[PDB]
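No value in this document is a laboratory result; all are computed from the given coordinates. Cβ sites come from the backbone with ideal geometry, for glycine too, and all protein chains shown count toward neighbours.
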Amino acid sequence: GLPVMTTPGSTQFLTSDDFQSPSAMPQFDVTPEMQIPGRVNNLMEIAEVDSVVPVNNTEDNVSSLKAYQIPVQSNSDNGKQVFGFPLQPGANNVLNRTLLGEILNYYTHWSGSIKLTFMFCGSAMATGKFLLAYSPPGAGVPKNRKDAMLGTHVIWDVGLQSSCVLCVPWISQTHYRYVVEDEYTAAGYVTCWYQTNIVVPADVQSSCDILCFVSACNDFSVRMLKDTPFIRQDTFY
Amino acid sequence: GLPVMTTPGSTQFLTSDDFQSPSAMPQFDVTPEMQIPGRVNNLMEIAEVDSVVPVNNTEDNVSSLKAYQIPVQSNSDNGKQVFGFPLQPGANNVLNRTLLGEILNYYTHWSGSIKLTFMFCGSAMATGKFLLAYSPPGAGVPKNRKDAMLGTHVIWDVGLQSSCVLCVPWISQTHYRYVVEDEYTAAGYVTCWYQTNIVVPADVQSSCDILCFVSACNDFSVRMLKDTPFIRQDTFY
Amino acid sequence: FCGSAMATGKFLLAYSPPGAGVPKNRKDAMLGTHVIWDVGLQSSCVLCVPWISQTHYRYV
Amino acid sequence: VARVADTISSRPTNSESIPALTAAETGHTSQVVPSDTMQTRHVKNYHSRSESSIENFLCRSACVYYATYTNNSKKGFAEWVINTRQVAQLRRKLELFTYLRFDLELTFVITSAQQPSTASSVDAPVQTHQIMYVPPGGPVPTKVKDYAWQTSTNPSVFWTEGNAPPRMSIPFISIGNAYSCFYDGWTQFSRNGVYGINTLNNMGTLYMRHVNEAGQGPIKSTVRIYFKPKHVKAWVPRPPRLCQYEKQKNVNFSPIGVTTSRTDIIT
Amino acid sequence: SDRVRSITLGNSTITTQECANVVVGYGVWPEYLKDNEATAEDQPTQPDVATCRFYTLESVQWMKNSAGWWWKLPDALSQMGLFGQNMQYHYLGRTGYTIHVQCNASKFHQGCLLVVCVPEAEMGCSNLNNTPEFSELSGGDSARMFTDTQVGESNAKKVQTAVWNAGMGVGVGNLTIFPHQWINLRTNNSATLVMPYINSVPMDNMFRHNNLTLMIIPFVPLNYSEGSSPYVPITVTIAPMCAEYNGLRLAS
Amino acid sequence: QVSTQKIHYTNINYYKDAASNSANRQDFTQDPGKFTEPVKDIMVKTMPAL
Amino acid sequence: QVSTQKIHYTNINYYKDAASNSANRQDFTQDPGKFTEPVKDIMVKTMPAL
Amino acid sequence: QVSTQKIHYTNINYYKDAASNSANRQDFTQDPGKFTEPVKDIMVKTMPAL
Amino acid sequence: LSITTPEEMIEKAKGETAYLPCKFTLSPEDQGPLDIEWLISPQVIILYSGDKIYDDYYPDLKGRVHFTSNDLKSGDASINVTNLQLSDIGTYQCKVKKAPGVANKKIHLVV
Amino acid sequence: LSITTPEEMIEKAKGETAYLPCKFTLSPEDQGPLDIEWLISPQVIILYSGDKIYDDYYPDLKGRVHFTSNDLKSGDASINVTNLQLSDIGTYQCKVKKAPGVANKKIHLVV
């Protein structure tokens, strides 16, 4: 006849509690496990994997494979802008459906730096140079090559190799950032300008393309798990 | 006044729980046990015991003792089929009411190999040879002796001894198999062909019979206990 | 390959031991012994036919 | 502790070791850290990746299916085959992997609702529900007033209102070594019939019914079922489902663009 | 150097002067079945030279307006000699493949490919009620192809071959999480993957379960100026490794 | 039995099974070396990939 | 008192009887040698039965 | 675990977090030397402030 | 339960025999009694309840329909429609109900 | 939700264009569908529900009002009132309702 007292919080069903429970089938012997290859152990072994970014939406290149091709042609004037998009890896309509996006859309607070691998999938005799700049927020978007080379930037050269990994650093006042579209914690902008024109020999196409990947560095993290706003349902299947 | 909290799962009656309980009659002294012979300790001491298989149903040899006699007579042509039945030891209408069947019909997942003892209960001057084949699934049933001797088979000879134990091996992708009639986990077929004809001297009957037993090897096991689909009831007795 | 300097390609050098006829489709000859030659900086590939015969010698 | 790696200081170099340029053809993702393309300060990092693990991502209960059954009617009782394909907020979390292995923790939240009775002075006592679990192959009941309910050795639970919701635990019940959330290939050796159907993940049914009788006025109830995958291990990750589900059996869909669109490539 | 490789198996050899590194599955190398994991009750057979070699599938043309191609893996070698012959008489069997795809072009063309090997690729039908039949889901060492237009609805048993969804209802960009390599006609010439046995049971039948799928999706389409060769073919050559079977039976 | 938390905390197992214990929540181990770099020859960061 | 499960688990007896303890569930012992081979002379496998 | 009260008292932690423990109620420490005398040179009581 | 093709289009000529197949397999979780129906939407036309056939329901089709197989409990619900006419255009529903599963087949016949 | 100025006084001359601005920002806890209203108290005059405009509600003002921006989901609810007259004195309420937030703006127009 031990004396006990029932504290508030009894006879409730918390959705995310961890308690023991009586077994339904006792002495069930499960089948022994097998060393199946490819064992994930933390969802941050998926943010490390590159995935192409649909950065050419344009409302008609979306329902096709053209959304991933970035137009790069032999310009006449120097210092033109190739692309540009704000960096909100959970709210932007570009980094949303990438492999990083559907991992971020389950959490709310993230951190760490992001890499951006580019790959010149053009001809074999063509060269050129591009300026990948990342301007932290506070002002507007940069509008002239003279403006964007003030921020953080790499001057990419195309040669034997076919890539250059602009890693956006983690420059923010707070230890985290929201994944929803906010204004208090903006994360800047990403641009990419012609350093020098795209020159080609004769009998070679002047319309080349570029693909762009995205991933996380080795200091990424998330927090405050929630559910995704993408998948709806009205009745059962 | 210890503080406690009541977790979900209280004031419920789980049908298969194991808890202590207050005694109804305290200090009851039971009568001392007696070394009664024949103590079973695990229902896998019953699957080891042979039991004849009703493998001659034929819709009229069922309501008699003829269901267990396998017709074997002195044929004229060579290479005839004696019997044949699929091997689903919980769903087939042949291995169902054997002693293995009413042990399997309480569980759902089984494993291990099965032996099949045959016994030529014929005359004393008659000889012959039979080919007991077990064709794993994937194709249809074998239809010619040339086809069934491709699988696993023993070539039985009748002499002084009067038995031959075809042991079907355990050849299956999964660690278990369902006892209900399924298609994803079929277990093959069992056939038995004339190797050579059944010859007899004069003044001896040419119509002999054969009985067939069934049992489990020493690596049998079951799991996931349920109730049998055989016994019904509408009101109490 | 004594061709040009910008041209590439790949060839399948197959040696089918006897017993059947000559192979007549690429699907047939890649069943025997074969190398899949690629042309690049180097300009050669040495298919070595092995010694596969029942007798210790062969007539000329 | 699962701490993330800190960042080390750097100085402005001028050398032949270029960490930036690499070859993405090799299928080998980059491995650079910001300390290799700019000047960084030695920042101790205390962030932790604990709340992103597998057991912190999956071990959270989620409604699966819910049925209703009236009291004052013949065969008023609910059946349900056990499968996670039906609700989509949980289906998508289980498609991120191909071969899962977990034991379960069910939970039933049973409620009642008084129906439009017609007599006068209706008053009913507390109710008692039964939730019977039939393994795959057992005998199934046909009506409420049946003798497969009591005289049975299946696992069932008896629960009455006004108390905590019932809960039982189910171990890893399968024929293989992992549940398969995908299975490409037919189920008949002749390659006919249904396409993506597998015996590997079957778990039986669930029969529920009232225990009281019809006193004076019908009572429709409702039961909600909640999963909780514990001890989970995942294998062979998979991209997340994009197109909207349409059926519970297969993975049919209608094609839809990759992302929502913007007005111009530079905005 | 660091650009050349020389792969040999059985009695066949593959040599490439210009290529990138080789990607090896999920980090494991294909080997036989240990006896802690074995489930068959009998002893398996191991040809080991009669099957472990490079079979060459049929060729495909890379037109400018191409969409893609896919092969169902332990189904495409159904007719290639001793492998297909041992795949019939037995009942179980495990393998591990060494896929190699090769498409060469000059220095004046442009293009790119994504050579991915998606495991357990389940595809969706054109009609939401039905499921794709066998004839239009795979072909004996023949390449079924994607499309750039959404397949209509009045078709009864067909595959939805809209490429921007990879047929599986998943976004086509996120496919890189599986082992893959890029055929890039600028610097690359050949892509090669080494895929172990990935399945939830130690062995399985091979006529009912295509436990892999080799897809090829041209991201940057082929393009060239007038004068260069207008015909650029692709050829994939697959080679089993560490194969073994169980459970003899009749032909089927 | 007694272990640390996110000080200490005490846990006792009551039932006689394994699928009845509470969630683990504390298997902190990762190894992306099989998804990021699944190549045969080691790739050094500084030196070029070719 | 403390024993292993299908790690460890703790059990304590409260009442002062024997028919009040919980089920055993852990008497794993078998001996089919009295149902399979109930014969007087030992039967060896290889040599014939006669 | 066991500590004194306002005799002794026993406390045991059950859950595996840190925000689940009860209130502390026993952090008795003060230091007004940063609000009362926030000056650079020390000020002695007896001697005048100038 | 599962039907191989939940809906399709069939075309036959007037005066021929119309084959409207209905195949299925049985998952392990199905152990109840068998029930097979057949509908028409220009109304039951044939039943199979309790292993016995009841098939005098549609006066327009008397004897003009009957099951094909002799193993109706194995996955065969097909019907043999004979002597096709012009008043036989309409959608058919092969409704099979084995506890606790259910599956249908929408055969839209056009002539 | 939050409006920059919940109420102010505006003065324009008869025959000019009247600018009645309505700006807002979006807190993180707002994720529902968008709704924007406009009232008048001398009665809805224009709606924005489901990303589509419904604006034939006030017979006295037909075509004399229309939104300005082309990014109405970014924080612009302003209306372009043209050709001011004398019967247009009254308080306006810019009622925007995004789940689960709500914010108003009381524009008292005098002429």
* Asked: Roughly how many Å is it from the Cα centre of segment J:50-64 to that of segment B:195-237, as a whole number?
  -> 85
* Rg(Cα) / (2.2 N^0.38 Å) computed for chain C, rounded to two decimals -> 1.44
* Asked: Taking the label point 7 Å from Cα in the Cβ direction, how far apart in nm is J:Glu16 from each other copy of itself, listed shortest first?
  -> 8.2
* Asked: With a Cα-only, solvent-free Debye model of chain B, what are the log10 I(q)/I(0) values at q = 0.09, 0.10, 0.15 Å⁻¹?
  -> -0.54, -0.63, -1.12
* Structure fact -> Ordering A:175-181, A:130-136 by per-residue average of other C-beta atoms within 10 angstrom, highest first, gives A:130-136, A:175-181
* Of D:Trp186, D:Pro166, D:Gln130, farthest towards positive along the dipole that unit charges on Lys, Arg, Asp, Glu beta carbons give segment D:121-195 -> D:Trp186
* To do: Report the charge-dipole magnitude of chain J in Debye, nearest 20, computed about the Cα centre from +1 at each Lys and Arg Cβ and -1 at each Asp and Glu Cβ.
  => 80
* To do: With r as the distance between the Cβ atoms of H:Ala23 and H:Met43 and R0 = 56 Å, compute the FRET efficiency 1/(1 + (r/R0)^6) and round to 0.05.
  => 0.90
* Over 22 Å between C-alpha atoms is what I'm after, so list which of J:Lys23/J:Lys73; A:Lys143/J:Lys23; I:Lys23/I:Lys106; D:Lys247/I:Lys106 land there. => A:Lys143/J:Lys23
* Structure fact -> Final fewest-first order of B:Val204, E:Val22, E:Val236 on the 10 Å Cβ neighbour count is B:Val204, E:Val22, E:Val236
* To do: Assuming 0.890 mPa s and 25 °C, estimate D for the protein assembly as shown with Stokes-Einstein, Rh taken as the Kirkwood radius over Cα pairs, in µm²/s.
  => 65
* To do: Calculate the mean, over all residues of peptide E:203-211, of how many other protein chain Cβ atoms lie within 10 angstrom of the residue's Cβ.
  => 5
* Structure fact -> Going residue by residue through segment I:62-69, the Karplus relation 6.51 cos²θ - 1.76 cosθ + 1.60 with θ = phi - 60° gives ³J(HN,Hα) values, rounded to whole Hz and with x marking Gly or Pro, of 10, x, 6, 8, 6, 4, 9, 6
* Asked: Just which residue of chain F brings its Cβ nearest the axis of rotation onto chain H, and by how many angstrom, rounded whole?
  -> F:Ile12, 9
* Structure fact -> Taking a crude spin-label model, label points 7 Å out from Cα along the C-beta direction, the F:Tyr14 to I:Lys12 distance in nm is 6.6
* Mean Cα-pair separation over length for chain E, i.e. relative contact order, pairs under 8 Å, 6 or more apart, % -> 40
* Structure fact -> Mean separation of Cα contacts under 8 Å (at least 6 apart) over the residue count of chain D, i.e. the relative contact order in percent, is 30
* Asked: Between H:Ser3 and F:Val2, what is the label-to-label distance in nm when each label sits 7 Å out along the Cα-to-Cβ direction?
  -> 1.6
* **Of B:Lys226/D:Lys93; D:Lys75/I:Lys97; B:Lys66/G:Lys40; D:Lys93/D:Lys228, pairs whose Cα-Cα distance is over 21 Å** => B:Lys226/D:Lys93; B:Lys66/G:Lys40
* Taking the Cα centre of chain H as the origin, how large is its charge dipole in debye, to the nearest 20, when only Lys and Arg (+1) and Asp and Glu (-1) carry charge on their Cβ atoms? -> 100
* To do: Note the distances from F:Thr46 to each other copy's matching label point, with points 7 Å along the Cα-to-beta-carbon direction, in nm, sorted shortest first.
  => 6.9, 6.9
* Is the shape of chain E best called rounded, prolate or oblate, per the rule: a/c under 1.5 gives rounded, else a/b larger than b/c gives prolate, else oblate, with a ≥ b ≥ c the square roots of the Cα gyration tensor eigenvalues? -> oblate
* Provide a whole-number value for the mean count of partner chain Cβ atoms within 10 Å of the Cβ atoms in peptide A:95-103. => 5
* Asked: What ranking do A:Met125, F:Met47 get, fewest neighbouring Cβ atoms within 10 angstrom at the top?
  -> F:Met47, A:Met125
* What average number of partner chain Cβ atoms lie no more than 10 Å from the Cβ of the residues making up H:11-21? -> 5
* By average Cβ neighbour count within 10 Å, what is the ranking of A:75-87, E:4-16, D:16-28 from highest down? -> D:16-28, E:4-16, A:75-87
* To do: Please get the size of the charge dipole for the protein assembly as shown, origin at its Cα centre, with Cβ charges of +1 on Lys and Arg and -1 on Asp and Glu, quoted in debye to the nearest 20.
  => 1300
* Would you please put I:52-62, E:165-175 in order of how densely packed they are, using the mean number of other Cβ atoms within 10 angstrom per residue and starting with the highest? => E:165-175, I:52-62
* Asked: Quick one: label points 7 angstrom along Cα→Cβ at I:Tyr54, distances to the other copies in nm, smallest first?
  -> 5.2
* Would you mind ranking D:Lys44, F:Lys34 by Cβ crowding within 10 Å, fewest neighbours first? => D:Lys44, F:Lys34
* Axis proximity, chain J to I: residue whose C-beta lies nearest, plus whole-Å distance -> J:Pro100, 35
* What is the spin-label model distance, in nm, from A:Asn218 to D:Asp123 if the labels are put 7 Å beyond Cα along the C-beta direction? -> 7.5
